[PDB]
Amino acid sequence: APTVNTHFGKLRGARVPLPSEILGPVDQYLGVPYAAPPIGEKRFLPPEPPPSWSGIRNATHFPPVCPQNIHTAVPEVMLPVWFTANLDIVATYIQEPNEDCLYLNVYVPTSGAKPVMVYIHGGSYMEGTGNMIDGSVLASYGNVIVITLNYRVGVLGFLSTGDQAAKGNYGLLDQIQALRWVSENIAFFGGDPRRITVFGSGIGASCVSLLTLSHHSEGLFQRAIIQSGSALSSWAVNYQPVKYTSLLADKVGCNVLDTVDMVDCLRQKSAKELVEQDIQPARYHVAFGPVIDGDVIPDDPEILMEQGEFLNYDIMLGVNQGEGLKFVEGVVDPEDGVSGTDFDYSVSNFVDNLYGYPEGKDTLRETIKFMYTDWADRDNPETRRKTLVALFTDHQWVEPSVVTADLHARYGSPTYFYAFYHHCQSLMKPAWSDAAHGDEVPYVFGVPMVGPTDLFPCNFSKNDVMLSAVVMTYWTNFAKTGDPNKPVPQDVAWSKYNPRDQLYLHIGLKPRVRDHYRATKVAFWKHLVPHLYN
Amino acid sequence: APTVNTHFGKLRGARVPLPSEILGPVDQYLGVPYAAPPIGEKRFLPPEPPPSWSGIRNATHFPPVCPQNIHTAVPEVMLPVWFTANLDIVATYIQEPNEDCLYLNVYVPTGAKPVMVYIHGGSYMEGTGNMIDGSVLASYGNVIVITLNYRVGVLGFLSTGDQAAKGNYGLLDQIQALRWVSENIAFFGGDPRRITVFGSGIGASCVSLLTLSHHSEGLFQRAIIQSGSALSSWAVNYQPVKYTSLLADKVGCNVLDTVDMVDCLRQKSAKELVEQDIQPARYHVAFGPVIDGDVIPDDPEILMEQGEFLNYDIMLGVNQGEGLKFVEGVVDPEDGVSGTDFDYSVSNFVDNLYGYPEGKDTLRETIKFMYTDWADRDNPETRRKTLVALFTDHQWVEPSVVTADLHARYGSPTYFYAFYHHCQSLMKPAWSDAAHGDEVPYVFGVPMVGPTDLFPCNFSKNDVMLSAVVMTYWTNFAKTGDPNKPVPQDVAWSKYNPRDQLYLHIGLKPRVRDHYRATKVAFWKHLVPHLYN
Ligand SMILES: *[C@@H]1O[C@H](CO)[C@@H](O)[C@H](O)[C@H]1NC(C)=O
Ligand SMILES: *[C@@H]1O[C@H](CO)[C@@H](O)[C@H](O)[C@H]1NC(C)=O
Ligand SMILES: *[C@@H]1O[C@H](CO)[C@@H](O)[C@H](O)[C@H]1NC(C)=O
Ligand SMILES: *[C@@H]1O[C@H](CO)[C@@H](O)[C@H](O)[C@H]1NC(C)=O
């Protein structure tokens, strides 16, 4: 009977033994309320502290997830491969969602106060839950506390009228609120409030990125790990909340004169209704997500990076070899190639969606075509496919991540960069593909140590286990000391990243330090492309 | 007393033994007239057959070279490094030039032998085949080597853009010299059926043009085009009318009627026409080959598409650092180039070649980007290398590749190379790679004789070994049209085609590679035309 005392009352967790003998068991406390339920008047309002309970509270079972619908259309590209490939298994987690969903899960190892790693999940700002990820392995192996949380998503989480009626960013405020709770209470679990690291993958990483740039998050956590995401990608921030919110208002018939009144009208509607609505944004953009409210996000995220807000965090970030898999998947023939006409089509469509037919568009389009053509093997259809993925991977992930890594390490503050060049073999993904979006997740959470799971049907080798131990060792070490190499040595040194040297860690079965990761491509998007048009 | 009978008379050459003991002696016949003197009425007229001579002609000494002046300004970048670095020694060859200068030199080893006809070239204004001694190439490769003299500068390429002066007289001289060889080299033990013509620099620009001419038909079978093309900005003069009239004004021979001004120009001393300081636009030529519609029927690129030169076996290539003189002015004592200096030269380059058209600003930044090493942005030494490469790629590599592509289009025999070696000397900065003309000494086997007045290089044993290799490749091509047959190296030089793009990397360790600087070549060929109108 594992019990822990907190500022709001006592709660009872469970001791669960890992299938692996070598790994020790963990005490896990599921469904701990970190805020008062955001329902009724509380909807579209910042989170409030949870009420206290007089007795011992049961933390044995998973709570309801936040209102969401996987069947309803959402941007496919934004979601991790493991997610879309296994929608059936995911559905078992999402069933019976409730607006009362602000809960978190805690995984504690069985010397001294332990570091705390707070994970932020994320599919597309519309879906997902921390429940899918079981932090037991990461906790027991690295001897740290692992936390997975649930936050308001979609309409309920990010609705904004662009004024005082609905400022937005409620999903982010929940994360802040969840972080305060950990800061004030994790000491009760044997956790160190002074050593708190927050990390996420994909959209989760975009959230982590934004948390580092916020005044509200100041003092709560010390380090961040930003995996395959940034505050700078086209779908990280919604620059038209007013447009998409009114579209919602019309669909539910909540159209009225005063924005204050229409928000109130939205409060009356069932939580289910607001979610189901088919509100599609412009391609590679988001209809409901973080906005620049002037409070939580005081300015354009890039400007905030220049101002130096997030320099007081130790930061580790990186990308995968083939993130943008879904960008070309539609157009790949059975021979695993892409035709020249198809290449020209995708490149042009890419320029259409991202740059929107500006002056000199014809000039840029040809320039993009040139940079991502392998002139040493012009005709090869397979290589044509690789470059096409690379085009999307570089633009949406690599360049924004690198710009972030540069701006953070500008004054020597601790920064680490990586490129993930390995992935499990599975039927979830075409055999010709490299490490795709989210493919780093299983190794971070030590899935090969437990073997194949319902969510990761991968056929893990001994090599997979070996790398997973390595990745976790790097990851937990960073949490403990802000240095990937200390204190637990590998049984290669991960060098610090600075704008001049540009050293990064190539993570694969063959690990090594390298420099200037795709710098020529990164330079193209950062420097040359802004010049070509206007 | 080495004597040979010809269609124009008997002539006696001299037999000279090579300093290398391994190499056998050669019979050399110097100053053989291949055309009637182009003087008086003959000036600015196509070459005519040489008159016969009744006695035995002495061919032991060099004849006068064509009218030229090395002191008078000519574009420095166009000239080979060995030439400009040793103007003093060059001057001894150029002394006493005479308008009666259409002579050639023959080098014969002691069955019928292949004939290699070399065409020299600095800038169309100067030079002579006399400077190059084909004895080594002849004795080692067992082939006949021929170096010729042709009309240069005003006398060689003056054009009024009409019938008064069609131009291309320098090329016509080369054609005429080739006819002479075709009809008479059999008397020397040569095979008229196996004739290869080759040249370096502007000389290579000529060979390229000869292959595209109707006039050259039937004369020669193979060509070796070294560090030159018919497509470079300075290969063809597209404003002959403009520069010719400038000359007329300076000599005071300017008139409305073209026939009369040409006639007046005939009156002037050969001396007067040469000395004149007439500078063309940068990287362009004031006097050179023109598109007359006869010798050069159309734009050289168009002629390539039409397929004129497909019936020739062709071998061509470039050097690693051709464009040395493009950046030499701007190199600091640290052997580096500053960013401001980098931006300056790149901007000036776009100014000269593209002439400030619309979207020049967009193009300028794109050039800057492509030739910046973003993996070592700050390095001043690397900035220097890229600056050399920019000029090297644009002026030599890309035009050469385009030529090689168009020739091998239907599978006709083509071979490509990149020369990645050079001798150590004071002629050239120590940091430099193989520069313009640096392949010449190895082609002509200079290391076999050791350092000469024209090539003060300190040749190592490695230099000798490579020179043997290069000559073996070269002479093999002359004999069979294949670099590998019949004499084996004791590496196989693969044929070049547009898809595979295989080339021979020539250095102390020769090897086959593919798609030589293809990304850079593709930039100049495909992307750059798009940016500006
Ligand atoms: C918690 O669950 C246990 C059974 O697992 C039950 O005995 C206990 O009464 C529950 N506590 C509360 C407060 O409901
Ligand atoms: C899973 O492993 C088995 C061997 O145990 C193999 O037959 C199968 O191909 C593997 N699956 C994938 C997707 O590689
Ligand atoms: C032939 O010419 C050479 C020039 O090198 C001269 O020295 C020689 O005396 C001449 N011989 C005769 C027989 O005229
Ligand atoms: C002369 O040769 C030596 C090596 O034998 C070399 O180090 C030196 O640079 C050479 N000097 C010149 C002027 O070629």
# chains A, B, ... in the order shown; residues from 1 in each chain; ligands from 1
>>> interface_residues(of="chain A", to="chain B", cutoff="7 Å", atoms="only C-alpha atoms", output="PyMOL selection string")
chain A and resi 363+367+370+375-376+516+519-520+528+532
>>> residues_near_ligand(ligand="ligand 3", cutoff="9 Å", atoms="only C-alpha atoms and all ligand atoms", output="list in words")
residues 12, 13, 14, 57, 58, 59, 60, 61 and 62 of chain B
>>> write_last_selection(atoms="N, CA, C and O atoms", output="PDB file, in the first residue's frame")
ATOM      1  N   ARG B  12      65.908  19.836 -95.694  1.00  0.00           N
ATOM      2  CA  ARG B  12      66.798  19.138 -94.783  1.00  0.00           C
ATOM      3  C   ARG B  12      66.646  19.650 -93.356  1.00  0.00           C
ATOM      4  O   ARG B  12      66.802  20.843 -93.092  1.00  0.00           O
ATOM      5  N   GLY B  13      66.333  18.738 -92.441  1.00  0.00           N
ATOM      6  CA  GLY B  13      66.200  19.080 -91.038  1.00  0.00           C
ATOM      7  C   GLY B  13      67.469  18.712 -90.298  1.00  0.00           C
ATOM      8  O   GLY B  13      68.515  18.521 -90.914  1.00  0.00           O
ATOM      9  N   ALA B  14      67.374  18.605 -88.977  1.00  0.00           N
ATOM     10  CA  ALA B  14      68.517  18.256 -88.149  1.00  0.00           C
ATOM     11  C   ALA B  14      68.124  17.138 -87.205  1.00  0.00           C
ATOM     12  O   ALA B  14      67.000  17.093 -86.711  1.00  0.00           O
ATOM     13  N   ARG B  57      65.966  22.857 -98.985  1.00  0.00           N
ATOM     14  CA  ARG B  57      65.761  23.939 -98.034  1.00  0.00           C
ATOM     15  C   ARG B  57      66.309  23.579 -96.648  1.00  0.00           C
ATOM     16  O   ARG B  57      66.107  22.468 -96.158  1.00  0.00           O
ATOM     17  N   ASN B  58      67.005  24.527 -96.024  1.00  0.00           N
ATOM     18  CA  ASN B  58      67.581  24.325 -94.695  1.00  0.00           C
ATOM     19  C   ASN B  58      66.461  24.558 -93.673  1.00  0.00           C
ATOM     20  O   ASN B  58      65.841  25.621 -93.651  1.00  0.00           O
ATOM     21  N   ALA B  59      66.188  23.553 -92.846  1.00  0.00           N
ATOM     22  CA  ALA B  59      65.100  23.627 -91.865  1.00  0.00           C
ATOM     23  C   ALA B  59      65.589  23.551 -90.423  1.00  0.00           C
ATOM     24  O   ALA B  59      64.857  23.135 -89.527  1.00  0.00           O
ATOM     25  N   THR B  60      66.836  23.939 -90.216  1.00  0.00           N
ATOM     26  CA  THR B  60      67.486  23.825 -88.918  1.00  0.00           C
ATOM     27  C   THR B  60      67.086  24.886 -87.892  1.00  0.00           C
ATOM     28  O   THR B  60      67.092  24.617 -86.693  1.00  0.00           O
ATOM     29  N   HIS B  61      66.749  26.088 -88.348  1.00  0.00           N
ATOM     30  CA  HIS B  61      66.466  27.172 -87.410  1.00  0.00           C
ATOM     31  C   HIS B  61      65.026  27.667 -87.509  1.00  0.00           C
ATOM     32  O   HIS B  61      64.382  27.558 -88.554  1.00  0.00           O
ATOM     33  N   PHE B  62      64.532  28.208 -86.400  1.00  0.00           N
ATOM     34  CA  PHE B  62      63.195  28.781 -86.324  1.00  0.00           C
ATOM     35  C   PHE B  62      63.036  30.010 -87.212  1.00  0.00           C
ATOM     36  O   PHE B  62      63.971  30.793 -87.365  1.00  0.00           O
TER      37      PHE B  62
END
>>> select_by_dssp(residues="segment 145-204 of chain A", states="alpha helix (DSSP H)", output="PyMOL selection string")
chain A and resi 154-158+170-185+203-204
>>> residues_around(residues="residue 70 of chain A", least_positions_apart="4", cutoff="12 Å", atoms="only C-alpha atoms", output="list in words")
residues 66, 74, 75, 76, 79, 83, 84, 86, 87, 88, 89, 90, 91, 92, 93, 94, 95, 97, 123, 124, 125, 126, 127, 128, 129, 154, 275, 276 and 278 of chain A
>>> write_last_selection(atoms="C-alpha atoms", output="short mmCIF file (atom, residue, chain, number, x, y, z; two decimals), in the first residue's frame")
data_model
loop_
_atom_site.label_atom_id
_atom_site.label_comp_id
_atom_site.auth_asym_id
_atom_site.auth_seq_id
_atom_site.Cartn_x
_atom_site.Cartn_y
_atom_site.Cartn_z
CA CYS A 66 -9.53 15.52 -22.34
CA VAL A 74 -6.86 16.46 -37.99
CA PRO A 75 -3.62 17.21 -39.86
CA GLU A 76 -2.10 13.81 -40.64
CA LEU A 79 0.97 13.23 -35.90
CA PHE A 83 0.14 7.11 -33.58
CA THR A 84 -1.58 7.00 -36.99
CA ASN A 86 -2.02 2.19 -34.71
CA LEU A 87 -5.26 4.16 -34.39
CA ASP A 88 -7.08 1.04 -33.17
CA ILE A 89 -4.93 0.63 -30.05
CA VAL A 90 -4.92 4.40 -29.46
CA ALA A 91 -8.73 4.37 -29.39
CA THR A 92 -8.69 2.17 -26.28
CA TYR A 93 -6.90 4.98 -24.43
CA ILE A 94 -9.18 7.75 -25.72
CA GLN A 95 -12.51 6.08 -24.89
CA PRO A 97 -13.26 11.37 -22.51
CA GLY A 123 -0.19 15.04 -31.52
CA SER A 124 -1.62 18.16 -33.12
CA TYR A 125 -2.94 20.28 -30.20
CA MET A 126 -6.26 18.51 -30.82
CA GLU A 127 -5.60 15.01 -29.49
CA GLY A 128 -3.42 12.74 -27.37
CA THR A 129 -2.78 11.93 -23.72
CA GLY A 154 -8.33 21.65 -29.21
CA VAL A 275 -14.65 18.88 -30.41
CA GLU A 276 -16.42 17.05 -33.27
CA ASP A 278 -14.75 19.78 -38.81
#
>>> residues_near_ligand(ligand="ligand 2", cutoff="8 Å", atoms="only C-alpha atoms and all ligand atoms", output="PyMOL selection string")
chain A and resi 425-428+458-459
>>> select_by_dssp(residues="segment 145-190 of chain A", states="strand (DSSP E)", output="count of residues only")
5
>>> residues_near_ligand(ligand="ligand 1", cutoff="12 Å", atoms="only C-alpha atoms and all ligand atoms", output="NGL selection string")
:A and (1 or 3 or 9-14 or 53-61)
>>> write_last_selection(atoms="C-alpha atoms", output="PDB file, in the first residue's frame")
ATOM      1  CA  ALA A   1       0.000   0.000   0.000  1.00  0.00           C
ATOM      2  CA  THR A   3       1.030   6.153   0.218  1.00  0.00           C
ATOM      3  CA  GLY A   9      -4.319  15.394   0.932  1.00  0.00           C
ATOM      4  CA  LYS A  10      -2.972  11.857   1.119  1.00  0.00           C
ATOM      5  CA  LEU A  11      -3.136   9.577  -1.908  1.00  0.00           C
ATOM      6  CA  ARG A  12      -2.600   5.859  -2.476  1.00  0.00           C
ATOM      7  CA  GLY A  13      -0.646   4.585  -5.466  1.00  0.00           C
ATOM      8  CA  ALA A  14       0.462   1.150  -6.596  1.00  0.00           C
ATOM      9  CA  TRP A  53      -9.621  15.957   0.315  1.00  0.00           C
ATOM     10  CA  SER A  54      -9.788  14.821   3.943  1.00  0.00           C
ATOM     11  CA  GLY A  55      -9.221  11.077   3.515  1.00  0.00           C
ATOM     12  CA  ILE A  56      -6.774   8.952   1.547  1.00  0.00           C
ATOM     13  CA  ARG A  57      -7.316   9.395  -2.198  1.00  0.00           C
ATOM     14  CA  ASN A  58      -7.193   6.528  -4.681  1.00  0.00           C
ATOM     15  CA  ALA A  59      -4.558   6.936  -7.401  1.00  0.00           C
ATOM     16  CA  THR A  60      -4.882   3.388  -8.722  1.00  0.00           C
ATOM     17  CA  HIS A  61      -6.618   3.968 -12.074  1.00  0.00           C
TER      18      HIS A  61
END
>>> residues_near_ligand(ligand="ligand 4", cutoff="7 Å", atoms="only C-alpha atoms and all ligand atoms", output="PDB file with N, CA, C and O atoms, in the first residue's frame")
ATOM      1  N   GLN B 424      56.207  22.147 -58.529  1.00  0.00           N
ATOM      2  CA  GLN B 424      56.507  23.165 -57.532  1.00  0.00           C
ATOM      3  C   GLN B 424      57.508  24.179 -58.087  1.00  0.00           C
ATOM      4  O   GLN B 424      58.523  23.808 -58.682  1.00  0.00           O
ATOM      5  N   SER B 425      57.199  25.462 -57.914  1.00  0.00           N
ATOM      6  CA  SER B 425      58.004  26.533 -58.495  1.00  0.00           C
ATOM      7  C   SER B 425      57.699  27.897 -57.881  1.00  0.00           C
ATOM      8  O   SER B 425      56.770  28.034 -57.087  1.00  0.00           O
ATOM      9  N   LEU B 426      58.483  28.904 -58.264  1.00  0.00           N
ATOM     10  CA  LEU B 426      58.239  30.280 -57.839  1.00  0.00           C
ATOM     11  C   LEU B 426      57.336  31.012 -58.827  1.00  0.00           C
ATOM     12  O   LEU B 426      57.014  32.184 -58.640  1.00  0.00           O
ATOM     13  N   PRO B 456      60.963  26.521 -65.107  1.00  0.00           N
ATOM     14  CA  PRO B 456      61.971  26.476 -64.037  1.00  0.00           C
ATOM     15  C   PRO B 456      61.595  25.557 -62.873  1.00  0.00           C
ATOM     16  O   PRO B 456      62.199  25.645 -61.804  1.00  0.00           O
ATOM     17  N   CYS B 457      60.595  24.709 -63.088  1.00  0.00           N
ATOM     18  CA  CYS B 457      60.110  23.759 -62.093  1.00  0.00           C
ATOM     19  C   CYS B 457      61.213  22.862 -61.541  1.00  0.00           C
ATOM     20  O   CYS B 457      62.141  22.497 -62.260  1.00  0.00           O
ATOM     21  N   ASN B 458      61.110  22.507 -60.264  1.00  0.00           N
ATOM     22  CA  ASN B 458      61.979  21.482 -59.693  1.00  0.00           C
ATOM     23  C   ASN B 458      61.270  20.135 -59.694  1.00  0.00           C
ATOM     24  O   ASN B 458      60.664  19.739 -58.697  1.00  0.00           O
ATOM     25  N   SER B 460      60.296  16.361 -59.468  1.00  0.00           N
ATOM     26  CA  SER B 460      60.664  15.200 -58.669  1.00  0.00           C
ATOM     27  C   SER B 460      60.521  13.939 -59.513  1.00  0.00           C
ATOM     28  O   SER B 460      60.101  14.008 -60.668  1.00  0.00           O
TER      29      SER B 460
END
>>> closest_residue(among="A:492, A:390, A:153, A:470", to="residue 514 of chain A", atoms="only C-alpha atoms")
A:492
>>> residues_around(residues="residue 379 of chain A", least_positions_apart="4", cutoff="10 Å", atoms="only C-alpha atoms", output="ChimeraX atom specification")
/A:339-340,373-375,383-384 /B:499
>>> write_last_selection(atoms="N, CA and C atoms", output="mmCIF file, in the first residue's frame")
data_model
loop_
_atom_site.group_PDB
_atom_site.id
_atom_site.type_symbol
_atom_site.label_atom_id
_atom_site.label_comp_id
_atom_site.auth_asym_id
_atom_site.auth_seq_id
_atom_site.Cartn_x
_atom_site.Cartn_y
_atom_site.Cartn_z
ATOM 1 N N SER A 339 8.286 10.072 -59.462
ATOM 2 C CA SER A 339 8.523 10.539 -60.822
ATOM 3 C C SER A 339 8.930 12.007 -60.832
ATOM 4 N N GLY A 340 9.525 12.444 -61.938
ATOM 5 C CA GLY A 340 9.940 13.826 -62.091
ATOM 6 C C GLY A 340 8.773 14.794 -62.095
ATOM 7 N N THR A 373 17.687 18.616 -55.718
ATOM 8 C CA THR A 373 17.939 17.651 -56.780
ATOM 9 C C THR A 373 19.356 17.104 -56.646
ATOM 10 N N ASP A 374 19.493 15.783 -56.651
ATOM 11 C CA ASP A 374 20.815 15.170 -56.625
ATOM 12 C C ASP A 374 21.354 15.118 -58.050
ATOM 13 N N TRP A 375 22.198 16.085 -58.393
ATOM 14 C CA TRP A 375 22.730 16.191 -59.747
ATOM 15 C C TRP A 375 23.805 15.147 -60.041
ATOM 16 N N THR A 383 16.117 8.144 -55.020
ATOM 17 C CA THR A 383 16.824 9.279 -54.445
ATOM 18 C C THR A 383 15.940 10.521 -54.517
ATOM 19 N N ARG A 384 15.150 10.607 -55.585
ATOM 20 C CA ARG A 384 14.197 11.695 -55.767
ATOM 21 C C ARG A 384 13.200 11.717 -54.610
ATOM 22 N N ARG B 499 24.870 10.293 -68.919
ATOM 23 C CA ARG B 499 24.258 9.720 -67.720
ATOM 24 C C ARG B 499 25.308 9.337 -66.669
#
>>> closest_residue(among="A:106, A:166, A:354, A:507", to="residue 148 of chain A", atoms="only C-alpha atoms")
A:106
>>> residues_around(residues="residue 470 of chain B", least_positions_apart="3", cutoff="9 Å", atoms="only C-alpha atoms", output="mmCIF file with N, CA and C atoms, in the first residue's frame")
data_model
loop_
_atom_site.group_PDB
_atom_site.id
_atom_site.type_symbol
_atom_site.label_atom_id
_atom_site.label_comp_id
_atom_site.auth_asym_id
_atom_site.auth_seq_id
_atom_site.Cartn_x
_atom_site.Cartn_y
_atom_site.Cartn_z
ATOM 1 N N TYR B 442 53.614 18.376 -68.502
ATOM 2 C CA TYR B 442 53.501 16.929 -68.359
ATOM 3 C C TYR B 442 53.098 16.284 -69.681
ATOM 4 N N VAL B 443 52.286 16.999 -70.451
ATOM 5 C CA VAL B 443 51.896 16.560 -71.784
ATOM 6 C C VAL B 443 53.115 16.439 -72.704
ATOM 7 N N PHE B 444 54.035 17.393 -72.594
ATOM 8 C CA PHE B 444 55.200 17.434 -73.473
ATOM 9 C C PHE B 444 56.468 16.870 -72.831
ATOM 10 N N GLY B 445 56.306 16.170 -71.713
ATOM 11 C CA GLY B 445 57.398 15.439 -71.094
ATOM 12 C C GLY B 445 58.604 16.258 -70.669
ATOM 13 N N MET B 465 57.180 10.381 -63.418
ATOM 14 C CA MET B 465 56.292 9.225 -63.500
ATOM 15 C C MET B 465 54.921 9.598 -64.055
ATOM 16 N N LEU B 466 54.367 10.703 -63.565
ATOM 17 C CA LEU B 466 53.061 11.164 -64.017
ATOM 18 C C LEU B 466 53.116 11.618 -65.472
ATOM 19 N N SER B 467 54.211 12.279 -65.837
ATOM 20 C CA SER B 467 54.398 12.772 -67.197
ATOM 21 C C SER B 467 54.422 11.618 -68.191
ATOM 22 N N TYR B 473 48.760 8.090 -72.097
ATOM 23 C CA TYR B 473 47.341 8.302 -72.360
ATOM 24 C C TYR B 473 47.141 9.086 -73.651
ATOM 25 N N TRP B 474 47.869 10.191 -73.765
ATOM 26 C CA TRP B 474 47.731 11.114 -74.884
ATOM 27 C C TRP B 474 48.091 10.472 -76.220
ATOM 28 N N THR B 475 49.251 9.825 -76.280
ATOM 29 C CA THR B 475 49.699 9.212 -77.526
ATOM 30 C C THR B 475 48.854 8.001 -77.902
ATOM 31 N N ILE B 506 43.289 13.136 -62.839
ATOM 32 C CA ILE B 506 44.725 13.067 -63.067
ATOM 33 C C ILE B 506 45.492 13.762 -61.951
#
>>> residues_around(residues="residue 19 of chain A", least_positions_apart="4", cutoff="9 Å", atoms="only C-alpha atoms", output="list in words")
residues 23, 449 and 450 of chain A
>>> closest_atom_pairs(of="segment 444-518 of chain B", to="segment 88-103 of chain B", cutoff="12 Å", atoms="only C-alpha atoms", output="Markdown table")
| residue | atom | partner | partner_atom | distance |
| --- | --- | --- | --- | --- |
| B:452 | CA | B:89 | CA | 10.4 |
| B:453 | CA | B:89 | CA | 6.8 |
| B:454 | CA | B:89 | CA | 6.5 |
| B:455 | CA | B:89 | CA | 9.9 |
| B:456 | CA | B:89 | CA | 10.7 |
>>> residues_around(residues="residue 34 of chain B", least_positions_apart="6", cutoff="9 Å", atoms="only C-alpha atoms", output="JSON, numbers by chain")
{"B": [48, 49, 50, 102, 103, 104, 173, 176, 177, 178, 179, 180, 181]}
>>> atom_distance(atom1="atom CA of residue 270 of chain B", atom2="atom CA of residue 68 of chain B")
9.1 Å
>>> atom_distance(atom1="atom CA of residue 435 of chain A", atom2="atom CA of residue 478 of chain A")
22.8 Å
>>> atom_distance(atom1="atom CA of residue 37 of chain A", atom2="atom CA of residue 100 of chain A")
5.0 Å
>>> decode(residues="segment 426-438 of chain A", atoms="N, CA, C and O atoms", output="tab-separated table (two decimals), in the first residue's frame")
chain	number	residue	atom	x	y	z
A	426	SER	N	9.43	-2.47	-38.35
A	426	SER	CA	8.03	-2.73	-38.08
A	426	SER	C	7.17	-2.60	-39.34
A	426	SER	O	7.66	-2.18	-40.38
A	427	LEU	N	5.90	-2.97	-39.23
A	427	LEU	CA	4.95	-2.82	-40.34
A	427	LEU	C	4.23	-1.47	-40.28
A	427	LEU	O	3.43	-1.15	-41.16
A	428	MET	N	4.52	-0.69	-39.24
A	428	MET	CA	3.90	0.61	-39.06
A	428	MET	C	4.33	1.58	-40.15
A	428	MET	O	3.63	2.55	-40.45
A	429	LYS	N	5.48	1.30	-40.74
A	429	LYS	CA	6.16	2.24	-41.61
A	429	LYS	C	6.81	1.52	-42.79
A	429	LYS	O	7.32	0.41	-42.62
A	430	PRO	N	6.79	2.13	-43.99
A	430	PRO	CA	7.43	1.53	-45.16
A	430	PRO	C	8.90	1.20	-44.91
A	430	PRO	O	9.59	1.95	-44.22
A	431	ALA	N	9.37	0.09	-45.46
A	431	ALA	CA	10.71	-0.43	-45.18
A	431	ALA	C	11.83	0.50	-45.64
A	431	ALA	O	12.94	0.45	-45.10
A	432	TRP	N	11.55	1.33	-46.63
A	432	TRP	CA	12.57	2.21	-47.21
A	432	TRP	C	12.82	3.47	-46.38
A	432	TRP	O	13.79	4.19	-46.62
A	433	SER	N	11.95	3.72	-45.41
A	433	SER	CA	11.98	4.95	-44.64
A	433	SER	C	13.06	4.98	-43.56
A	433	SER	O	13.46	3.93	-43.04
A	434	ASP	N	13.52	6.18	-43.23
A	434	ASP	CA	14.43	6.38	-42.11
A	434	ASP	C	13.64	6.68	-40.85
A	434	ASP	O	12.42	6.52	-40.83
A	435	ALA	N	14.33	7.11	-39.80
A	435	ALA	CA	13.67	7.51	-38.56
A	435	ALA	C	12.64	8.60	-38.83
A	435	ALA	O	13.00	9.71	-39.25
A	436	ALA	N	11.37	8.30	-38.58
A	436	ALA	CA	10.29	9.23	-38.89
A	436	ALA	C	9.80	9.92	-37.63
A	436	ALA	O	10.34	9.71	-36.54
A	437	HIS	N	8.79	10.78	-37.78
A	437	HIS	CA	8.29	11.59	-36.68
A	437	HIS	C	7.82	10.73	-35.51
A	437	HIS	O	6.91	9.91	-35.66
A	438	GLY	N	8.44	10.90	-34.36
A	438	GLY	CA	8.06	10.15	-33.17
A	438	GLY	C	8.80	8.84	-32.98
A	438	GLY	O	8.62	8.17	-31.97
